[PDB]
Each structure stands twice: as C-alpha cells, then as structure tokens.
Amino acid sequence: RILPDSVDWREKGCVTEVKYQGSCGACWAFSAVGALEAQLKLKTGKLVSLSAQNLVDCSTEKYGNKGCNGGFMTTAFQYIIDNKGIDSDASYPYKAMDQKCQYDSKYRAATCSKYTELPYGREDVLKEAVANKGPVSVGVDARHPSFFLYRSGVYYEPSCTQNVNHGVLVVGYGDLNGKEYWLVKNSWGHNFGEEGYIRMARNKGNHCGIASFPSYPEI
Amino acid sequence: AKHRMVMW
C-alpha cells in the first residue's frame with residue numbers, strides 16, 4: 001500500500017506538550033501516556049495530557065515495573081486495560097517520585113482496550129503503524145552523551161546498539177535532504193533537542209534499537 | 001530480550 005513520505009502527528013492535533021521527567025526514570029510512563037493521548041484524540045476529538053504519575057504509582061510490581069527505576073510501555077498499557085481507566089495529568093500530576101497509588105475513577109480521562117507489539121527490528125512495519133495507526137511507543141539506546149547533547153539535525157551514533165534502555169514516542173517520520181529520520185518525542189523537557197524532540201536516523205539498520213520493541217494502544 | 005526502560 002501507499003504510505004506518506006512523511007508524517008507528523010503534531011500537525012494532526014494528536015500530541016500534547018513536551019513533559020519533563022526530572023530525576024525519575026519514568027520515560028516508559030511518558031511514552032505510554034503519549035501513545036494513548038493520540039488515540040484519545042482520534043476517538044473523542046479531545047487532546048488531554050494523561051497521568052504519567054498514575055502509571056508510576058499504580059502500574060508497579062504486578063506489571064513488572066519499578067516506578068522511577070524503570071518500566072515497560074506494554075505493561076503500562078495492560079494496567080490501563082485492567083484498571084478500566086487512567087486519570088488526567090491535571091488531576092494526578094507528575095512529581096518525579098514514587099508514591100502510593102492514588103488513582104480515582106472520578107478523574108478518569110481515558111481507557112484502553114488493547115495494545116499491539118510490532119516485530120523486532122522492522123522499520124518498515126514501524127513506518128506503516130506510524131502512518132496508519134498513530135504515534136508508537138518505542139525504546140531506544142540512549143546511553144550515549146551524543147544523545148543527551150543532541151541539538152538538531154538527524155541523529156546518528158556509531159556506538160549505538162539495538163538494546164533499548166529509554167522509552168520515547170515516535171510521532172512521525174520524514175527526511176532532511178534525503179537523510180531519513182524518525183521524529184521522536186522525549187520527556188526531557190523543551191530544552192532537550194529540537195524543542196523536546198529528536199530526529200533519529202531511519203532505515204539505518206534499526207539504529208539505536210528504535211524498532212526493537214515498538215507497541216501502540218487502542219481504545 | 002527487552003530491557004526495563006534502572007542503571008540510568
């Protein structure tokens with residue numbers, strides 16, 4: 001099938017403002033809520049930031065997650081399915097620490113009915129999902145100073161591996177003078193990268209593991 | 001194969 005040469009879900013009103021995780025390893029939770037935020041907009045027309053803190057505090061050991069010490073987007077989604085909801089960010093705001101679970105259905109802002117995992121390393125399948133389903137949660141290998149110091153352009157790091165350690169959100173793809181890239185929303189605030197985003201090399205052999213473990217939820 | 005997204 002025909003796919004667009006480039007996609008940017010921010011232009012479709014499906015991406016909330018960039019968040020700042022602070023000294024808490026909650027990137028997995030931010031990735032998961034970002035993916036679901038897009039699906040909530042696609043279903044209801046509302047663009048609402050969802051509570052990463054809710055996942056940090058409540059999608060814990062039964063889901064294999066360890067709060068500020070890391071987790072998984074897939075089992076974050078499973079928590080939202082099991083729990084029959086996730087709170088809005090406004091009602092359950094982010095504190096960058098581990099807290100008791102404070103979920104309240106009074107402030108439910110979204111639900112989740114399923115999630116899909118994509119095949120390891122398949123950047124073609126990732127492209128199809130980004131084009132036709134929405135932003136996709138992914139892991140990357142971020143354990144390189146070049147990643148934290150990235151300012152602009154298309155990011156390529158020869159030392160990168162396909163082993164992921166940082167959860168982020170693919171919100172589009174494109175090319176910068178024929179250098180193909182993934183448009184990636186991070187959770188390191190607006191001062192990271194290009195106003196909180198990093199363009200990562202695409203079709204360069206699963207660079208930094210971007211397509212190692214993609215997943216996306218549906219409502 | 002998936003790594004928790006710890007040593008950070």
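Worth knowing before you read on, the calculation uses all heavy atoms, side chains too, and leaves out hydrogens, waters and symmetry mates. Sequence lines set the chain letters: A, B, ... in the order given, protein chains first and strands last, and positions in each chain run from 1.
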Sequence neighbours excluded, which residues qualify as disulfide bond (SG atoms under 2.5 Å apart) partners of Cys160(A)?
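Only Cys208(A) meet the disulfide bond (SG atoms under 2.5 Å apart) criterion with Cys160(A).
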Name all residues meeting the disulfide bond (SG atoms under 2.5 Å apart) criterion together with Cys112(A); count only those two or more places apart in sequence or in a different chain, and write none if there are none.
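For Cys112(A) there are no disulfide bond (SG atoms under 2.5 Å apart) partners, ignoring immediate neighbours.
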Compare all side-chain heavy atoms of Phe213(A) with those of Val164(A) and state whether any distance is below 4.5 angstrom.
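Side-chain contact under 4.5 Å: yes.
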Looking at side-chain heavy atoms only, is the closest gap between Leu169(A) and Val136(A) below 4.5 Å?
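No, too far: nothing below the 4.5 Å cut-off.
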For each of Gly139(A), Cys24(A), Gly209(A), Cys27(A), tally heavy-atom pairs with chain B at distances under 4.5 Å, and name the one with the top tally.
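Heavy-atom pairs under 4.5 Å are most numerous for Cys24(A).
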Out of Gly71(A), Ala142(A), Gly25(A), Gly64(A), return the one with the most heavy atom pairs under 4.5 angstrom to chain B.
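Most heavy-atom pairs within the cutoff with chain B belong to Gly71(A).
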Looking only at N and O atoms, which donor-acceptor pairs between chain B and chain A are within less than 3.5 angstrom?
{"residue": "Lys2(B)", "atom": "NZ", "partner": "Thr74(A)", "partner atom": "OG1", "Å": "3.3"}
{"residue": "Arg4(B)", "atom": "NE", "partner": "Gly64(A)", "partner atom": "O", "Å": "3.1"}
{"residue": "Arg4(B)", "atom": "NH2", "partner": "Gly64(A)", "partner atom": "O", "Å": "3.0"}
{"residue": "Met5(B)", "atom": "N", "partner": "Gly71(A)", "partner atom": "O", "Å": "2.9"}
{"residue": "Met5(B)", "atom": "O", "partner": "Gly71(A)", "partner atom": "N", "Å": "3.1"}
{"residue": "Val6(B)", "atom": "N", "partner": "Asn69(A)", "partner atom": "O", "Å": "3.3"}

side-chain contact (heavy atoms from CB on, under 4.5 Å) partners of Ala38(A), counting only residues at least two apart:
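Partners of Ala38(A) by the side-chain contact (heavy atoms from CB on, under 4.5 Å) criterion, ordered by chain and then number, come out as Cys14(A), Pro135(A).
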Looking only at heavy atoms, which two atoms of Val56(A) and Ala26(A) are closest? And how far apart?
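Nearest heavy atoms, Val56(A) then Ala26(A): CG2-CB, 3.7 Å.
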Report the C-alpha separation of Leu36(A) and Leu40(A) in whole Å, then their side-chain angles, then the decisive distance to 0.1 Å, and conclude whether the side chain to side chain contact (heavy atoms under 4.5 Å, CB included) test is met.
CA-CA 6 Å; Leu36(A) 193 57; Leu40(A) 175 66; 5.6 Å; no
